[PDB]
Amino acid sequence: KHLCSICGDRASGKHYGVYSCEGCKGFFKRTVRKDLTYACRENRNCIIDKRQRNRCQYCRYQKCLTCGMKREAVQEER
Amino acid sequence: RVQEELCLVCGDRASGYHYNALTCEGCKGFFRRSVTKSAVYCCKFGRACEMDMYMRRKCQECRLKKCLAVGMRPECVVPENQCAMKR
DNA sequence: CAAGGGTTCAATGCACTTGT
DNA sequence: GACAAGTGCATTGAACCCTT
Ligand SMILES: [Zn+2]
Ligand SMILES: [Zn+2]
Ligand SMILES: [Zn+2]
Ligand SMILES: [Zn+2]
């Protein structure tokens with residue numbers, strides 16, 4: 001029923017602390033697992049929504065963080 | 001006045017004219033792959049999705065229908081020229 | 001059963017190379 | 001060159017599996 005608090009796509013439930021879609025769950029997981037750092041090619045305030053969330057990996061990751069997603073909830077690879 | 005060149009299919013930023021239509025790299029590749037595989041898709045909604053950056057990954061049938069409606073030419077994908085007898 | 005951890009891999013789309 | 005057609009491959013995310 002819920003919406004992803006990051007992007008407004010349909011949430012599949014809570015993940016890493018926040019209501020989120022499989023997209024944002026997957027993306028946060030990969031980011032934390034590989035310990036990736038992104039750079040924004042604009043002004044660090046890009047639109048992240050269901051339509052254009054893939055245009056800025058920095059801004060998407062920052063928005064996962066501001067929405068409440070916890071790096072510590074991402075487990076080690078199995 | 002033209003602030004962004006727009007993909008006629010989905011409204012993302014267009015990279016150029018591909019198979020005779022102003023389109024983004026996503027729609028270009030989707031169209032090429034659809035055509036080279038002769039894919040037949042089946043919309044699991046109402047056969048009438050409006051295409052945008054979200055609905056382009058959700059409905060292949062309606063995306064391909066839009067590609068064609070905007071003038072993408074499937075006969076121009078890997079036609080039988082000398083270059084193909086190559087590969 | 002449900003939730004929220006996990007994983008998978010076909011499709012995707014960005015960056016590239018090739019041909020004119 | 002600059003463009004458009006073709007290619008390589010890392011990333012995306014819907015659909016699974018696993019343990020509580
Ligand atoms: Zn999301
Ligand atoms: Zn950004
Ligand atoms: Zn497009
Ligand atoms: Zn459709």
Side-chain angles (χ1 to χ4, degrees), chain A residues 1-39 41 48-61 63-64 67-78, chain B residues 5 7-42 44-45 51-64 66-67 71-87:
Chain A
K1 307 277 169 75
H2 286 63
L3 301 160
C4 174
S5 62
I6 295 115
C7 79
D9 194 4
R10 183 181 182 181
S12 58
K14 280 181 200 213
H15 313 260
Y16 313 121
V18 326
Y19 285 110
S20 43
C21 69
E22 282 301 302
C24 294
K25 153 199 176 170
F27 173 77
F28 188 75
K29 180 207 71 180
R30 289 183 305 267
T31 298
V32 176
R33 287 279 178 83
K34 296 277 178 176
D35 205 74
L36 301 174
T37 308
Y38 307 118
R41 300 157 111 191
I48 302 294
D49 62 9
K50 76 185 192 187
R51 295 155 288 260
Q52 70 180 291
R53 66 204 179 192
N54 296 302
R55 286 182 163 160
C56 190
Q57 293 176 310
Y58 180 89
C59 290
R60 189 183 193 177
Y61 178 65
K63 196 168 194 184
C64 292
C67 286
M69 283 198 169
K70 325 243 102 205
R71 287 183 71 86
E72 36 279 303
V74 178
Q75 295 173 189
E76 130 189 336
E77 190 176 8
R78 246 136 75 165
Chain B
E5 291 297 348
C7 170
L8 292 169
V9 176
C10 76
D12 195 358
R13 180 198 85 88
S15 60
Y17 292 84
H18 309 287
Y19 308 112
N20 215 39
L22 197 49
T23 47
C24 66
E25 285 293 307
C27 288
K28 168 200 162 173
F30 169 79
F31 185 70
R32 197 190 50 76
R33 292 179 282 109
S34 291
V35 170
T36 60
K37 300 180 325 195
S38 302
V40 178
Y41 299 122
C42 191
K44 69 144 167 156
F45 305 109
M51 274 302 120
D52 61 30
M53 290 181 73
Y54 175 74
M55 272 324 268
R56 79 181 190 201
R57 351 178 235 54
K58 293 252 163 207
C59 192
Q60 294 80 10
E61 182 176 31
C62 296
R63 188 182 194 181
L64 180 55
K66 181 77 172 292
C67 287
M72 290 190 103
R73 299 177 61 196
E75 72 275 7
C76 302
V77 175
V78 186
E80 197 64 14
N81 51 25
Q82 314 138 167
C83 262
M85 292 152 170
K86 293 181 181 180
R87 292 180 184 277

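By convention in this document, chain letters (A, B, ...) are assigned in the order of the sequence lines, proteins followed by strands, and residues within each chain are numbered from 1.
- Using a 4.0 Å heavy-atom cutoff across all strands shown, A/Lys50 reaches no nucleic acid atom at all.
- Applying the ring pair (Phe, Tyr, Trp, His ring centres under 6.0 Å) rule to B/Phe30 yields the partners B/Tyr41; only residues at least two apart in sequence or on another chain are considered.
- Judged as a side-chain hydrogen bond (donor to acceptor under 3.5 Å, both in side chains), the pairs with a partner in residues 73-85 of chain B (not counting sequence neighbours) are, in order, B/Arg73-B/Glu75.
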(request) Would you sketch DNA chain C in dot-bracket for me? Only Watson-Crick or G-U wobble pairs with both distances under 3.5 Å count, crossing pairs as [ ], other-strand pairs as |, the rest as dots. (result) .|||||||||||||||||||
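- Computed from coordinates, the A/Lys14 NZ to C/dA2 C1' distance equals 14 Å when rounded to whole Å.
- Spacing between atom CD of A/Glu22 and atom P of C/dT12 amounts to 18 Å, rounded to whole angstrom units.
- When the side-chain nitrogen and oxygen atoms of A/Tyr16 are compared with OP1 and OP2 of C/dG6, one or more of them lie within a distance under 4.0 Å.
- In summary, contact between chain A and DNA chain D, defined as any nucleotide atom under 4.0 Å from a heavy atom of the protein, begins and ends at D/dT11 to D/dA15 in the 5' to 3' direction.
- Under the ring pair (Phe, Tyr, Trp, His ring centres under 6.0 Å) criterion, B/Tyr54 pairs with no residue, sequence neighbours left out.
- Residue A/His2 contributes atom NE2, which lies 16 Å from atom P of C/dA2 at whole-angstrom precision.
- Residues satisfying the side chain to side chain contact (heavy atoms under 4.5 Å, CB included) criterion with A/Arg41, sequence neighbours excluded, are absent altogether.
- Side-chain contact between A/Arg51 and B/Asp12 is absent, with no heavy atoms from C-beta onward closer than 4.5 Å.
- Residue note: C/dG6 shows a north-type sugar, the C1'-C2'-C3'-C4' torsion being above zero.
- When heavy atoms are screened at a 4.0 angstrom cut-off, B/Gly16 is found touching the sugar-phosphate backbone but no base atom.
- Heavy atoms of other residues, nucleotides or ligands lying less than 6.0 angstrom from CZ of A/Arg10 number 12 at most.
- DNA chain D is contacted by B/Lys28, B/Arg32 of residues 26-33 of chain B, taking any non-hydrogen atom closer than 4.0 Å.
- When heavy atoms are screened at a 4.0 angstrom cut-off, A/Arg10 is found touching no nucleic acid atom at all.
- The line from SG of B/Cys27 to CE of B/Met72 is 7.0 Å long, rounded to the nearest 0.5 Å.
- The side chain of A/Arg33 lies closest to C/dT7, out of C/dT7, C/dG13, C/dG5.
- Under the side chain to side chain contact (heavy atoms under 4.5 Å, CB included) criterion, A/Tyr19 pairs with A/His2, A/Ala11, A/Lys14, sequence neighbours left out.
- Two residues are said to be in side-chain contact when any heavy atoms from C-beta on lie closer than 4.5 Å; B/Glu25 and B/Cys7 fail this criterion.
- Judged by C1'-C2'-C3'-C4', the furanose ring of D/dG13 adopts a south pucker.
- No hydrogens or angles were tested; on distance alone, a donor-acceptor pair under 3.5 Å links the side chain of B/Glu25 to the base of C/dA15.
- The separation between A/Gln57 atom CD and C/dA15 atom P is 10 Å, rounded to whole Å.
- Using a 4.5 Å cut-off on side-chain heavy atoms (C-beta onward), B/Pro74 and B/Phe31 make contact.
- Within the 4.5 Å cutoff, side-chain heavy atoms of B/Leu22 are placed close to those of B/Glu5.
- Separating the CE atom of B/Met53 from the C1' atom of C/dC14 is a distance of 12 Å, rounded to the nearest angstrom.
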Provide a list of protein-nucleic acid N or O atom pairs under 3.5 angstrom, restricted to nucleotides 18-20 of chain C.
residue: C/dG19; atom: OP1; partner: B/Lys86; partner atom: NZ; Å: 3.4

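- Contacts of residues 68-78 of chain A with DNA chain D (heavy atom under 4.0 Å): none.
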(request) Please lay out, stage by stage, how B/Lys58 and B/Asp52 fare under the test salt bridge (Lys or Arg N to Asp or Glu O under 4.0 Å). (result) CA-CA 10 Å; B/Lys58 293 252 163 207; B/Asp52 61 30; over 6 Å; no
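- A donor-acceptor contact shorter than 3.5 Å links the side chain of A/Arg33 to the backbone of A/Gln75.
- With sequence neighbours left out, B/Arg63 forms a salt bridge (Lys or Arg N to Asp or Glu O under 4.0 Å) with no residue at all.
- Side-chain contact between B/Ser15 and B/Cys24 is absent, with no heavy-atom pair separated by less than 4.5 Å.
- Sugar conformation at D/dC16 is north: the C1'-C2'-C3'-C4' dihedral has a positive sign, consistent with the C3'-endo side.
- Counting only heavy atoms from C-beta outward, the side chains of B/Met55 and B/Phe45 approach each other to under 4.5 Å.
- Taking atom CZ of residue A/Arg53 and atom P of nucleotide C/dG13, one finds them 11 Å apart after rounding to whole Å.
- The residue among B/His18 and B/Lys58 whose nearest nucleotide of DNA chain D is located toward the 5' end is B/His18.
- Under the salt bridge (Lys or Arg N to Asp or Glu O under 4.0 Å) criterion, B/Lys66 pairs with no residue at all, not counting sequence neighbours.
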